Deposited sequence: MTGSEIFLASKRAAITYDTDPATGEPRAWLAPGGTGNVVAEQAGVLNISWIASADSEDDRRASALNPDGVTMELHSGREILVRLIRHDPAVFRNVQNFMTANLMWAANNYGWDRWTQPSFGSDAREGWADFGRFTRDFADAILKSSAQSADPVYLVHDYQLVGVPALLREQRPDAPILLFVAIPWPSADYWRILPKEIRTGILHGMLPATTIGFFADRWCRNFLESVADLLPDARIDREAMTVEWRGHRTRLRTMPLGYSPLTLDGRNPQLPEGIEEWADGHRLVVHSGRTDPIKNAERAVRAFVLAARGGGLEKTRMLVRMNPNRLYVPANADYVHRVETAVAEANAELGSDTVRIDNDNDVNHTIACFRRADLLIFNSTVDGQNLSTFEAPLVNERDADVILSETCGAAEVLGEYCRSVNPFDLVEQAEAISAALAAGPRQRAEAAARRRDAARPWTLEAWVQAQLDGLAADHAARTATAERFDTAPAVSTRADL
């Protein structure tokens, strides 16, 4: 049985008080990555190291600096250890990670002609990132200090610098890093200042395994390594890097949905949609989700005719609205919806901007057409969840630039997310399709989506790491 040490930016703990006794309670949320790892075969025990990012987390960390054992179903347990970072460092690294810098870097947000223009802010951001990375590595190693053969799983882009620091003190350990966002083309990656574009690669390559959601991101990562590290040797076929002794395997490990996580509609929506076919676009208040272009394409489709009793819901989950790109995105979507309604008629298009998974799942079930047209997406789990819960045989329009398109693209209407005409034509054809044609397409779609579960993805990581560890050990 393995001794697992999982590191991620957050370990979702629910903090409340008992309804009977009033005593404070802290319990791990179902479906955490730690919860799923804890259930696998060759796992003896598991520790989870994450950042404290609330007063509740901070009190929890201060009470048990070495971590608390928290219970799971089937009498299983997991040692959860929360790191209290320097608040100034932590806040800056959080700003470093948003579209103010690193989110634009990995998610294709810069035009190059006018943005970005790196100043001293980027240099201080990168220094704070180094301090933050050292926080995690020290706490991870301290938590694993007594384990003979610890297995390290590192998750979330915030932790890409961690594998190098673990490797420095644990030369022989299995280390998996999983990157859940895209990796950009080499030319775009090197937009970043020299110390960042190389320093991030120096931090990741000491992992035994680097996983992405999609082949394209593995390829882009390899091309970035070849472009920027003259000392590295990549093998595009074998998906390997050899660099300064480090032998690294890149793997594609798709994730679709969690069965557990995946009710009522939001207030006003059921009656607003009644008697209408309902186009649903859903995603975070993030520029990549592309709802502005979806609304413009819908308007272009409505001009073609055949959409007289069709409405469109833009369902948004508010997130990092303090970032100017996220707020600008919302403003741009609002402007397009306003122009859509002025041209096609009042209440043709509605934005529903609120945080509630249940409401969104209900929007998935109700949808007569689902639009997941991201400009880019590491994977996009909604495009798996939505067909699985939809019972209206809704077609799915899926951007070719989502990682999910590598798994689902043949079973959806695949589109260039920048081409309004193509997207308008896909909306029209999707809504003109007949009942039995959509039934059969949706049947094959759900069959293509169903196998890609959270537990399969965890199993893929462990199996892939064990094989890569064996390879690294013999070589």
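Engineer: Hey, which stretches of the deposited sequence didn't make it into the model?
Structural biologist: Those stretches are 1-2, 265-268, 482-497, listed in order.
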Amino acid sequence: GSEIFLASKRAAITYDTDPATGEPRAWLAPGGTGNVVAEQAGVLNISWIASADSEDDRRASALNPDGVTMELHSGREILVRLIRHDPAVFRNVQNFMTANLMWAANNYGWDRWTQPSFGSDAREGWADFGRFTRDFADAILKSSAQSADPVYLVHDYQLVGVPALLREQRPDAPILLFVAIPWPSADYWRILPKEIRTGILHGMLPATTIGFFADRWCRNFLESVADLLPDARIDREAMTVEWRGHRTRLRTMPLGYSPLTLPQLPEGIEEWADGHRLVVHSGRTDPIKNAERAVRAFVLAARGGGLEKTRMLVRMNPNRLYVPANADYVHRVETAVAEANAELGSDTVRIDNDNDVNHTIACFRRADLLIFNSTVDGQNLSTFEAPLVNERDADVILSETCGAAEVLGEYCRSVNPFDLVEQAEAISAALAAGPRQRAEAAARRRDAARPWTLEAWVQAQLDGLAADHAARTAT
From here on, numbers count along this sequence of modelled residues.
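Engineer: Mean CA temperature factor from the deposited coordinates, higher in 442-450 or in 51-59?
Structural biologist: It is 51-59.
Engineer: Comparing 240-248 with 278-286, which has the greater mean CA B-factor as deposited?
Structural biologist: Mean C-alpha B-factor is greater for 240-248.
Engineer: Between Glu400, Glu292, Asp328, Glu267, where does the Cα B-factor run highest in the record?
Structural biologist: Answer, based on the entry's C-alpha B-factors: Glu267.
Engineer: Per the entry's Cα B factor values, which of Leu176, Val357, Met204, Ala137 stands out as the maximum?
Structural biologist: Going by the entry's C-alpha B-factors, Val357 comes out highest.
Engineer: Is the Cα B-factor recorded for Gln40 in the lowest, middle or highest third of its chain?
Structural biologist: For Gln40, the deposited C-alpha B-factor lands in the highest third.
Engineer: Lowest, middle or highest third of the chain for the C-alpha temperature factor of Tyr322?
Structural biologist: CA B-factor rank for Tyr322: highest third.
Engineer: By the recorded C-alpha temperature factor, relative to the other modelled residues in its chain, which third is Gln437 in?
Structural biologist: Its C-alpha B-factor, which the entry lists for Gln437, ranks in the highest third among residues of this chain.
Engineer: Using the B-factors in the PDB entry, rank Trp272's C-alpha atom against the chain and give the third, lowest, middle or highest.
Structural biologist: Its C-alpha B-factor, which the entry lists for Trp272, ranks in the highest third among residues of this chain.
Engineer: Which third, lowest, middle or highest, does the C-alpha temperature factor of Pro387 belong to within its own chain?
Structural biologist: Its C-alpha B-factor, which the entry lists for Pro387, ranks in the middle third among residues of this chain.
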